[PDB]
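For the sequence shown, position 265 (counting from the first letter as 1) is numbered 265 according to mature numbering (1 follows the signal peptide of the UniProt record, and there is no 0), and the numbering increases by one without interruption.
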Amino acid sequence: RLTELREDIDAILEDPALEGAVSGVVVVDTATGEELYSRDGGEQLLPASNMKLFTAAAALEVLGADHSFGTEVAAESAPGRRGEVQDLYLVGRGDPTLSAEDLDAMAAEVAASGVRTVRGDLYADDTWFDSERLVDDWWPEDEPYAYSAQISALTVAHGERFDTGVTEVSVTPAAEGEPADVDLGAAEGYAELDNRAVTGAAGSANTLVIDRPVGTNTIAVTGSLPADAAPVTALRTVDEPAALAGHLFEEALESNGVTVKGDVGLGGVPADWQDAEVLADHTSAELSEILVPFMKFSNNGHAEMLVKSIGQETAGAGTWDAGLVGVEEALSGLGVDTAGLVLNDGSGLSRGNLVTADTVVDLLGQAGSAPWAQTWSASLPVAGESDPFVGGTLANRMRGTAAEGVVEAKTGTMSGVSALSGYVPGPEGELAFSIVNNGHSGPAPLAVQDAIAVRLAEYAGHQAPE
Ligand SMILES: *[B]([O])([O])[C]([C])[N]C(=O)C1=C(O[C])[C]=[C][C]=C1O[C]
Ligand SMILES: [Co+2]
Numbered sequence: 001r002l003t004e005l006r007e008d009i010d011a012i013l014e015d016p017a018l019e020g021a022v023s024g025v026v027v028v029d030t031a032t033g034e035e036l037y038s039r040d041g042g043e044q045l046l047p048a049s050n051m052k053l054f055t056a057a058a059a060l061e062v063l064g065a066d067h068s069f070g071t072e073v074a075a076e077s078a079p080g081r082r083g084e085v086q087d088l089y090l091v092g093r094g095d096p097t098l099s100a101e102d103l104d105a106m107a108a109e110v111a112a113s114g115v116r117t118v119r120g121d122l123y124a125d126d127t128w129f130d131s132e133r134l135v136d137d138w139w140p141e142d143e144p145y146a147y148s149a150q151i152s153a154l155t156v157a158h159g160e161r162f163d164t165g166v167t168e169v170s171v172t173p174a175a176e177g178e179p180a181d182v183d184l185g186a187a188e189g190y191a192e193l194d195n196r197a198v199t200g201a202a203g204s205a206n207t208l209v210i211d212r213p214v215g216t217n218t219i220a221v222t223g224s225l226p227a228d229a230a231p232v233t234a235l236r237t238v239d240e241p242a243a244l245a246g247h248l249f250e251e252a253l254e255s256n257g258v259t260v261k262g263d264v265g266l267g268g269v270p271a272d273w274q275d276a277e278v279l280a281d282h283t284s285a286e287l288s289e290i291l292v293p294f295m296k297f298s299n300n301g302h303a304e305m306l307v308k309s310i311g312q313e314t315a316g317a318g319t320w321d322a323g324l325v326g327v328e329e330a331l332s333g334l335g336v337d338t339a340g341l342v343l344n345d346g347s348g349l350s351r352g353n354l355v356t357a358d359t360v361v362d363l364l365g366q367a368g369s370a371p372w373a374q375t376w377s378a379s380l381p382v383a384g385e386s387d388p389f390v391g392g393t394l395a396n397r398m399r400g401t402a403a404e405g406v407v408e409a410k411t412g413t414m415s416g417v418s419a420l421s422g423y424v425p426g427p428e429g430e431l432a433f434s435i436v437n438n439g440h441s442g443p444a445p446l447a448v449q450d451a452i453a454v455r456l457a458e459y460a461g462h463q464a465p466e
């Protein structure tokens, strides 16, 4: 009954959406080692977000499932009777889930410690990682968008999903001919506003563009919003994530009865400071839980931060160079043959990344029997599940199929790059598969990926929910 499977997959791959493309397709039985399907298994290809599989496994190996991240607030001495400190530092140590409300609780702690006036300047300290904001070969034109947010040890994460280094811009129509209202979110009073957008007539075409021009911290709004249009919201990155965190903390402090007399900017805790007084701290959830929003929704910021966190753990250097060698070494100690892996970042955003389908499948097998196997598995998108925090990038895929509720797979998505890799756990055995497609020129071959994964569930003896 294997021959029938191979012919079916052969025929799925004959899709006109795969014309000109190269595709690596590997299916292996994890229970009994049997390689069930292999096509260009050792072919080096762009993984896109499948690179997170490698990043996440290494993070669990290096950092541990129980690892958490710290943020603290420091002055050179405690406040006295007057409630006075001079300069004040917000120190970030790589928390990928640090919220505005977390800033408020720390601001309340600063108040409760006795501080009433910050007499000096408030500094945003992110020196735990380096100040290299973007990977070399990432694209300048991607910069305004959440998936290309600058990397920092001190960053504010937005919403349930913890999108870092971004603000939420809301654009609202006014009367026809009047400017549209732009609300810059958290970055109000931080980022600059260039509003050229107008409200068009009721029923007119929505032509609204929100951008952050390259090398600026300006949000430029152009185009038209019709008078009857619903508000438009877009996540847009800011320049210097830590400085926005500093900006938002100054507000948090003010809202908590603490006056800040001086300026806000970047700076590290001076070497001069003999015994920094920690006046507030925050601890994140453990990495096991942080993996969910990271892997379900394919969070690029989380990946790169985790990479540099690895570099800190292995080498005391919050660095891509150290972190990537860290990832490679960790994958080796896990038992993975890293011969075909080129590592240029953690997220897969970089087009300098290469994997092979065999390397992915190799990782899937080695991760499956790891101590952290369940927390790893739990972060993986589950085919056709309506809850975003369960289905993730697979929520609106494979619904009403043998694959719904069973296939746990990671997506990879870019121009001319699409991937689906994970497990097919049937009563027979838990199947592992990697599907990596490069160089298609039309839509992403999702139907091909879905079809294979669905046929793999049917092989593993699953039925479509009805
Ligand atoms: B991964 O391919 O998902 C990651 C590198 N990308 C993004 O987060 C991503 C994207 O960036 C170029 C485009 C579409 C989707 C998406 O992730 C959901
Ligand atoms: Co503000």
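No residue lacks a Cβ here, since even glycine has one placed at the ideal position from N, Cα and C.
Here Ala-317 carries a coil assignment [DSSP, helix/strand/coil]. In the same chain as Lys-261, and ignoring 5 residues on each side of it, the C-beta atoms closer than 6 Å to its own belong to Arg-119, in chain order. If the five residues before and after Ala-403 are omitted, its C-beta is found closer than 6 Å to the C-beta atoms of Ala-383, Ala-453, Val-454, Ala-457, all from its own chain and listed in chain order.
No Cβ-Cβ contact shorter than 8 Å links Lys-410 with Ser-38. Remark: the C-beta of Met-414 is in contact range of ligand 1, defined as less than 7 Å to any heavy atom. With fewer than 16 other beta carbons inside 10 angstroms of its own, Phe-389 counts as exposed. In this structure, the alpha-carbon of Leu-306 lies about 22 Å from that of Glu-101.
Per DSSP, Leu-2 is one residue of the alpha helix (DSSP H) stretching across 2 to 12. Counting along the chain, the unbroken alpha helix (DSSP H) around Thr-375 starts and ends at 373 to 378. Of the heavy atoms belonging to ligand 2, at least one sits nearer than 7 Å to the Cβ of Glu-251. Selection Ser-377, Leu-279, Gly-326, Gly-439 evaluated against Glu-76 yields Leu-279 as nearest (Cα-Cα). Exclusion of the five residues before and after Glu-19 leaves no residue of its chain whose Cβ lies closer than 6 Å to its Cβ.
Contact holds between the stretch 18 to 35 and the stretch 356 to 366, because three or more Cβ pairs, one in each stretch, are under 8 Å apart. A distance below 7 Å between beta-carbons, with the five flanking residues on each side excluded, links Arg-6 to the following residues of its chain, in chain order: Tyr-37. Distance from the C-beta of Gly-189 to the nearest heavy atom of ligand 2 is below 7 Å.
About 5 Å separates the Cβ atoms of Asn-438 and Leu-46, confirming a contact at the 8 Å cut-off. For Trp-139, the closest C-alpha among the options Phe-129, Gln-150, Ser-131, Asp-130 is that of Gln-150.
Inter-segment contact for the stretch 166 to 183 and the stretch 233 to 243 is present: three or more beta-carbon pairs are separated by less than 8 Å. In this structure, the beta-carbon distance from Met-295 to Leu-380 falls below 8 Å. Selection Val-258, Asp-239, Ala-271 evaluated against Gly-265 yields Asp-239 as nearest (Cα-Cα).
By the C-beta density criterion, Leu-60 is buried, having at least 16 other C-beta atoms within 10 angstroms. DSSP, reduced to helix, strand and coil, places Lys-410 within a strand of the structure shown.
In this structure, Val-198 sits near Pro-179, with a CB-CB distance shorter than 8 Å. In this structure, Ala-17 sits near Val-448, with a CB-CB distance shorter than 8 Å.
Distance from the Cα of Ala-378 is smallest, within the candidate group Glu-43, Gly-41, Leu-53, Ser-170, for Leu-53.
At a Cβ-Cβ threshold of 8 Å, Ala-105 and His-282 count as neighbours.
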